[PDB]
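Let me begin by presenting the structure, written as C-alpha cells, before commenting on it.
Count residues from 1 along the sequence.
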Amino acid sequence: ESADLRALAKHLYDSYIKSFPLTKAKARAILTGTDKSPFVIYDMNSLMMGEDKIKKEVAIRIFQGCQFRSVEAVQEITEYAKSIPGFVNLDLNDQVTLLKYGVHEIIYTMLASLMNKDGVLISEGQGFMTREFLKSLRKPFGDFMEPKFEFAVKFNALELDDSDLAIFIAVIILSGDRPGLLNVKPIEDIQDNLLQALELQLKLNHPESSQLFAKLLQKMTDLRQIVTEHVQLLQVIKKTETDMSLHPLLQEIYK
Ligand SMILES: CCCCC/C=C/C/C=C\C/C=C/C/C=C/CCCC(=O)O
Ligand SMILES: *c1ccc([N+](=O)[O-])cc1C(=O)Nc1ccccc1
C-alpha cells in the first residue's frame, strides 16, 4: 500500500530535518541569492580575514577543519540512522558495520548539496571556499576535493530535494552487501521497503523525470569510487605528515 510508503517517506524526511541542520534547501538559498550571503575565501588573505569574520601550514589547517567537520557529520548521520525504522533493532555489530561503510557515501552525497561548480559552503553556510582555491593547495591536499566536485556536478543535475535525499541516504545505510555483516537478511528486508519508498517518492516528486530511480541507484557507484580514491590519499598523508593526527572516530571508520 502506497499510504504506508508515504508515511515512511514523511517519517524519514522529518528525522532528516531534525538531524541535519544545513539542508539542501538552505544551501541553495545561500548559494543562489541579503541576510544569508556568505563570505568568500578564494586566496590566503581572504582566508586570514575569513577566520576573523566567520570562525601550521595553510593546507594542513584547512585539512584539519575538514577533519573536524567530518567527525561532526558522522555524528549527525549516526543520529539519523537510529531513526530509520528497524535499524536499532539490528545486531549491534551490524549497526557498527553499516555505519562504518555507509558514512562516507552519505557525506559525499550530502556535501553535493553544499556545492556548485565553483565551490563549497563551509562553517554552516557562513563561508564559501572556491573550488580553485582548494585545487591550488599543495600536494597532496589540492587533489582531495576535486573528485567530490566532479561527483556533485553530476549528482546535482538530478535535482533531488531534501525529501528525496532523506530516503536515498537511508537506502545507502541499509546496504546488505557490506563486508562482515553477520545477518544480511533483515538488513535487506529493510532496504527493500526503503527502495519501495524511494521509488514512490521519486515518481510522486519528479513525475516528468523518467527513470530517475534507476539513475539515482547508478549514482551509488560513483560514490564507492570516491571513497576508494579518498582512503588512498589519506594513506599518502599518514606517511608524508607523520606529525599530523587523524581523529580517532575517523581512524575507526577507516580500519
Ligand atoms: C568551520 C567548521 C564549522 C563546523 C560546523 C559546521 C560546519 C559546516 C560544514 C563545513 C564547515 C567547514 C569546516 C572546515 C572545512 C573547510 C573547507 C574544507 C573543504 C570542504 O569541507 O569542502
Ligand atoms: C576532507 C578531508 C578529509 C576528510 N576525512 O579526514 O575524512 C574528510 C573531508 C571531507 O570531505 N569533509 C567534509 C565533510 C562534510 C562536509 C565537508 C567536508
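- Remark: the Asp94 side chain and the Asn183 side chain contain no N/O donor-acceptor pair separated by less than 3.5 Å.
- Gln95 contributes a side-chain N or O that, together with a main-chain N or O of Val88, makes up a donor-acceptor pair within less than 3.5 Å.
- Nearest heavy atom pair, residue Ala152 against residue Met115, reads CB-SD, 3.5 Å.
- Within a 6.0 Å radius of CD in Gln251, more than 12 heavy atoms belonging to other residues, nucleotides or ligands are found.
- Of all heavy-atom pairs between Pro140 and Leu233, the closest is CB-CD2, 3.3 Å.
- Taking a cutoff of 4.0 Å between a charged side-chain nitrogen and a carboxylate oxygen, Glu132 and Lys117 do not qualify as a salt bridge.
- Within the 4.5 Å cutoff, the side chain of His104 has heavy atoms near those of the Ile253 side chain.
- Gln191 places a side-chain N or O within donor-acceptor distance of the main-chain N or O of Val171, the cut-off being under 3.5 Å.
- No side-chain donor-acceptor contact under 3.5 Å links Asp43 and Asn45.
- In this structure, the side chains of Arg224 and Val227 stay at 4.5 Å or more apart for every pair of heavy atoms.
- The environment of NZ in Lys18 is sparse: at most 12 heavy-atom neighbours from other residues, nucleotides or ligands sit within 6.0 Å.
- The backbone N or O of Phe149 sits nowhere less than 3.5 Å from a side-chain atom of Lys154 that would complete a donor-acceptor pair.
- What you find for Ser46 and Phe39 is that their closest heavy atoms are O-CE2, 3.3 Å.
- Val153 is not connected to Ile30 by any chain of hydrophobic side-chain contacts under 4.5 Å among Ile, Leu, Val, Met, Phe, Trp and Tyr, and they are in different clusters.
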Could you go through residues 76-84 and list every donor-acceptor pair under 3.5 Å that involves a side-chain atom there, pairing it with any protein atom two or more places apart or in another chain?
| from | atom 1 | to | atom 2 | distance (Å) |
| --- | --- | --- | --- | --- |
| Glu76 | OE1 | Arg69 | NH2 | 3.4 |
| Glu76 | OE2 | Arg69 | NH1 | 3.4 |
| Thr78 | OG1 | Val74 | O | 3.0 |
| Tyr80 | OH | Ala166 | O | 2.5 |
| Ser83 | OG | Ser15 | OG | 3.4 |
| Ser83 | OG | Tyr80 | O | 2.8 |

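- Between the side chains of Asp162 and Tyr13, no donor-acceptor pair is found at a separation under 3.5 Å.
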Item to check | Stepwise salt bridge (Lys or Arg N to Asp or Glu O under 4.0 Å) check, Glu252 with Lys100 | outcome: CA-CA 8 Å; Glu252 267 280 88; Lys100 194 197 172 191; over 6 Å; no
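- No chain of hydrophobic side-chain contacts below 4.5 Å, direct or via other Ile, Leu, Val, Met, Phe, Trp or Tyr residues, connects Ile62 to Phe68.
- Grouping the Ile, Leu, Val, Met, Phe, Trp and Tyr side chains by contacts below 4.5 angstrom, directly or via other members, places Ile122 apart from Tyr42.
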Checklist entry - Do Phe144 and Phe63 pass the ring-ring contact (aromatic ring centres under 6.0 Å, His included) test, and can you show the C-alpha distance, the side-chain angles, and the key distance before you say yes or no? => result CA-CA 9 Å; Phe144 256 128; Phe63 180 79; 5.0 Å; yes
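- One finds the CZ atom of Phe155 at 9.5 Å from the CG atom of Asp222 (value rounded to the nearest 0.5 Å).
- More than 12 heavy atoms of other residues, nucleotides or ligands lie within 6.0 Å of NZ in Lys239, so this atom counts as buried by the packing criterion.
- Of all heavy-atom pairs between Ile169 and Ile106, the closest is O-CD1, 3.8 Å.
- Side chain of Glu1 to backbone of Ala3: a donor-acceptor contact under 3.5 angstrom is found.
- Ion pairing of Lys219 with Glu105 is absent here, as no side-chain N (NZ or NE/NH1/NH2) approaches a carboxylate O to less than 4.0 Å.
- Shortest non-hydrogen contact noted between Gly176 and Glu188 is CA-CG, 4.1 Å.
- A donor-acceptor contact closer than 3.5 angstrom is absent between the side chains of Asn156 and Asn116.
- Put simply, the side chain of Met48 reaches to within 4.5 Å of the side chain of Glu51, judged on heavy atoms.
- Annotation: the span from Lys24 atom NZ to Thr109 atom OG1 amounts to 10.5 Å, rounded to 0.5 Å.
- Under the 4.5 Å side-chain criterion, counting only non-hydrogen atoms from C-beta, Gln67 is not in contact with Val71.
- With sequence neighbours left out, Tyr108 forms a side-chain hydrogen bond (donor to acceptor under 3.5 Å, both in side chains) with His230.
- For the atom pair NZ (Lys215) and CG (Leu217), the distance works out to 12.5 Å, reported to the nearest 0.5 Å.
- Taking the charged nitrogens against the carboxylate oxygens, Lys139 and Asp143 do have a contact shorter than 4.0 Å, which makes a salt bridge.
- For CD of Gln235, the number of neighbouring non-hydrogen atoms (other residues, nucleotides, ligands) closer than 6.0 Å is greater than 12.
- Between the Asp161 side chain and the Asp164 main chain, a donor and an acceptor come within less than 3.5 Å of each other.
- Residues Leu194 and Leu158 are members of one and the same hydrophobic cluster, defined by side-chain heavy-atom contacts under 4.5 angstrom among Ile, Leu, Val, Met, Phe, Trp and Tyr.
- Annotation: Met49, atom CE; neighbour count of heavy atoms from other residues, nucleotides and ligands within 6.0 Å does not exceed 12.
- Taking each heavy atom of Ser163 and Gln201 in turn, the nearest pair found is OG-NE2, 3.2 Å.
- Atom CG of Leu134 is separated from atom NZ of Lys148 by 10.5 Å, given to the nearest 0.5 angstrom.
- No more than 12 heavy atoms of other residues, nucleotides or ligands shown are found within 6.0 angstrom of CD on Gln225.
- Grouped with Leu200 in one hydrophobic cluster are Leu5, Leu204, the linkage being side-chain heavy-atom contacts under 4.5 Å among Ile, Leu, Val, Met, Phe, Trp and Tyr residues.
- Under the 4.5 Å side-chain criterion, counting only non-hydrogen atoms from C-beta, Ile41 is not in contact with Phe128.
- A donor-acceptor pair is defined here as one N or O able to donate and one able to accept, closer than 3.5 Å; such a pair exists between the side chain of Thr130 and the backbone of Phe133.
- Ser175 contributes no side-chain N or O that, together with a main-chain N or O of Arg178, makes up a donor-acceptor pair within less than 3.5 Å.
- In the hydrophobic clustering of ILVMFWY residues, with side-chain heavy atoms under 4.5 Å counting as a link, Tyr101 and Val103 come out apart.
- Residues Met129 and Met145 form no side-chain contact, since every pair of their non-hydrogen atoms from C-beta on lies 4.5 Å or further apart.
- Checking side-chain atoms of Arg28 against main-chain N and O of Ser113 turns up a donor-acceptor pair under 3.5 Å.
- Remark: the backbone N or O of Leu22 is not paired with any side-chain donor or acceptor of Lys26 at under 3.5 angstrom.
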